[PDB]
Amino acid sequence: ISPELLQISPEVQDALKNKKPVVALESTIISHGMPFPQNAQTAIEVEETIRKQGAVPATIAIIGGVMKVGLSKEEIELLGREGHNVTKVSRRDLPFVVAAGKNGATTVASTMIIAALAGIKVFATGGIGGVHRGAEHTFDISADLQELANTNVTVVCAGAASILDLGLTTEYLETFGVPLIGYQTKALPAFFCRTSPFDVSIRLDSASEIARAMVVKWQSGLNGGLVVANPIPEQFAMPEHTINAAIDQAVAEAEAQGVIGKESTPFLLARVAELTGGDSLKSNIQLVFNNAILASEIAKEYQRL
């Protein structure tokens, strides 16, 4: 509530009061999900994509201890340039970055929280956190899934990469009552891959259906979010053997180097990019754009209802 705690930029506030569609964006993908310059370049361009769809982007982050909804170009570039030097902020991290007046890059979890505080129901990203490979033994399970269990926001992603255990993730989502919606797909998108061995909970072929389902869900009091898994355009999909070989190697190296906890995902994405000579990153960028277009349509349709 307090302006000391939370600030929405004039553009976003205008859109909100005047009821234009707003699409939220996270910052961990910037600071920890991609290298500089590509991170900031992509963040700025995803905002522009949203605007060209006739919606209003709101990139969320913690700036100087303030939860910020909508960011300046300079702030986005700050997060990008600072990179790993900025705190990665999940639900358990959030109060401390705010209290200490520091900068932080918000994960899907923290971005969902802040968007919900701002009354934004639609959030685009590249991929969600989830159940990690070996989590049956390690218990390494993203707080993103608990946020999806509880917070009312639709998250548009490409599913997630096979760095995660996608099967266990689909089971987990069912247990916690979270819809996993395939956009024009029955198969659950694998991020770099358009398909995977696993299926979504329901296939929906239009943004309008998704928006209507959101309305029914929250009107009926079923709190929690919705995952929309949107397959990467075929043109930008990684070759399967290449990408799965790269992922399997990165996971092995992560194990050997003792990479654990919040350091896992940043480490893995960076290493896969390295092993594919940048191709995986270019794919990530395209899937982010695609997700922002779909998210724009969902937000439009939702505002209309």
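So that there is no doubt, residue numbering starts at 1 and follows the sequence shown.
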TODO: Decide which of the stretches 136-144 and 110-118 has the higher mean C-alpha B-factor, going by the entry.
DONE: 110-118
Task: Mean C-alpha B-factor comparison - 148-156 and 180-188, higher one - done: 180-188
Open item on the list: Given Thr170, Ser162, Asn223, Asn85, identify the residue with the highest C-alpha B factor in the PDB entry.
Closed with: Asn85
- [ ] Among all modelled residues of this chain, ranked by Cα B factor, put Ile50 in the bottom, middle or top third, i.e. lowest, middle or highest.
- [x] highest
Task: Record-listed C-alpha B factor of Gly33: chain third - done: lowest
Task: Where the record places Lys102 (Cα B-factor, split into thirds across the chain) - done: middle
- [ ] Select lowest, middle or highest to describe the third in which the CA B-factor of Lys68 falls within its chain in this entry.
- [x] middle
Task: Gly80 - which third its CA temperature factor falls in, relative to the rest of the chain - done: middle
